[PDB]
Amino acid sequence: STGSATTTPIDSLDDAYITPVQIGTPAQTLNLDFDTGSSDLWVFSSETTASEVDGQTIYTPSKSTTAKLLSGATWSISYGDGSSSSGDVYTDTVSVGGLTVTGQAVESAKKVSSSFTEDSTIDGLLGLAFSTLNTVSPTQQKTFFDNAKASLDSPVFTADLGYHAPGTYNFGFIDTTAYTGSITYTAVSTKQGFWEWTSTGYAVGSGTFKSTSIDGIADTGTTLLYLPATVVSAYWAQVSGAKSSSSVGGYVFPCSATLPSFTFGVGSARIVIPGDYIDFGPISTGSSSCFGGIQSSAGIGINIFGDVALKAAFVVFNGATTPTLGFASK
């Protein structure tokens, strides 16, 4: 089997991407944030504290003939921005882009933090990291991809995120029309539960490439590119007026700037992020200070190749017995 679904930015800055997902019978369609950095499929639901729902579409298990309470199971997750959610668990039929999994754990939110309530465009998350990170207790649950894998034509999914435009998530096949040149594959460590890999270096603009190993994760659920402070300083030093602002919480730059590109290495191959991809606009409405799309990972504890980086590539998440990651230009 295969599946293919369009993913769409939630706003004009590509702050996140939502993908329609069918849950239950008859289908209830929710727009979920596909997150290769976590491993829980959770949804706003009829069980979510009413004051914490503000415009989201909810899953109502009682209206699904295929929903079953997973008795005794609970979940609770925190994310990198300090947001969180928790609840109980149903199993139900879940389909993405025509690909169907029966018995998928659907984690129903009883509580969500303010950041989730305030974002009316995201109805939940669909985690695509390794199932070892799944938070369901006392019986850990598998991701949608893990459950689908055996049925897939090939044990892969691909992320093809757009810049200020829709893109595609494919399951079970590699669309050879969706990228240019060849795909370069690179090793993955699953030791931390992530799609963790080592970039071979970077360049800033038309500058010379610096060969240096940068360990990090391929994370569709993070907006920006988070890299070591040395790398990030070298980038922003090429932008007149750019500075790290403690009050804003990262590098800012004059909105009048033209940003240089940023290149990262994948083996002997190179992915070029255009400068425009690194512009996240005014820090507040009407400001002439703009927020940068490359930020330091210092104090996160891991480097993160988030959407800023991934949307410059066609990315293969290869879930074969020995997992790997593939990157191509597009």
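Residues numbered from 1 in each chain as written, not as in the entry; some residues may be left out. Heavy atoms only, no water. Residues with missing side-chain atoms left out of burial classes, pairs and counts.

The subject of this paragraph is the domain arrangement of the protein. Per the domain assignment, the segments making up the protein are domain 1 (5-174) and domain 2 (175-330). Put simply, the parts of the chain that give the side of domain 1 that touches domain 2 at least two residues each are β3 (28-35), β9 (156-160) and β10 (167-171). At 5 residues, β9 tops the list of elements feeding residues into the side of domain 1 that touches domain 2. Taken together, the residues of the side of domain 1 that touches domain 2 sort by class into 18 nonpolar, 6 polar and 6 charged. (Domains from an automatic or database assignment. Helix = DSSP H or I, 4+ residues; strand = E, 2+ residues; numbered from the N terminus. Nonpolar A, V, L, I, M, F, W, Y, C, P; charged D, E, K, R; others polar.)

Within a beta sheet, neighbouring strands are joined by backbone hydrogen bonds and run either parallel or antiparallel to one another. Spatial ordering of the open sheet is given by β15-β16-β20-β19, a layout of 4 strands whose pairing is antiparallel. The open sheet has two free edges, formed respectively by β15 (243-245) and β19 (279-282), since each of these has just one partner strand. On average, each strand axis in the sheet is tilted by 40° relative to the strand beside it, whichever way the strands run. One ladder, built from 2 bridges, connects β19 with strand β20 (residues 289-292); its direction is antiparallel. Bridge pairing in β20 places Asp279 opposite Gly292. (Pairing = 2+ DSSP bridges. Axes fitted to C-alpha atoms, helices over the stretch in contact; angles between N-to-C directions.)

Here we take up the pairing of strand β2 (residues 17-23). The element β2 is extensively covered by neighbouring structure, given that 5 of its 7 residues are classed as buried. Looking at chain direction, β2 and β3 are connected through 5 bridges and run antiparallel. Within the sheet, the bridge partner assigned to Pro20 lies in β3 and is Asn31. As consecutive antiparallel partners, β2 and β3 are separated by 4 residues, and within that stretch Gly24 has a phi angle of approximately 85°, a positive value. As defined by bridge partners, β2 adjoins strand β6 (residues 84-96) across 2 bridges and the pair is classed as antiparallel. Within the sheet, the bridge partner assigned to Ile23 lies in β6 and is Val94. (Buried < 20%, exposed > 50% of the residue type's maximum accessible area, 1.4 Å probe, protein only.)

This part is about the pattern of salt bridges. All told, the structure shown has 2 salt bridges when counted by the stated rule. The salt bridge involving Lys311 is made with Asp14; its shortest N-O contact spans 2.8 Å. Linking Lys311 in the loop between α4 (307-310) and β23 (314-318) with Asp14 in the loop between β1 (3-9) and β2, this pair joins segments that are 297 residues apart in sequence. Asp14 matches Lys311 in its accessibility class, with the two residues each being buried. Ionic pairing is found between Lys330 and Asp160, a salt bridge with its closest N-O pair at 2.8 Å. Here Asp160 lies in strand β9 and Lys330 lies in the segment after β24 (324-329), a separation of 170 residues in the sequence. Looking at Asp160, the relative accessible area reads 16%, which means it is buried. (Salt bridge = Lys/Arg side-chain N within 4 Å of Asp/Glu carboxyl O.)

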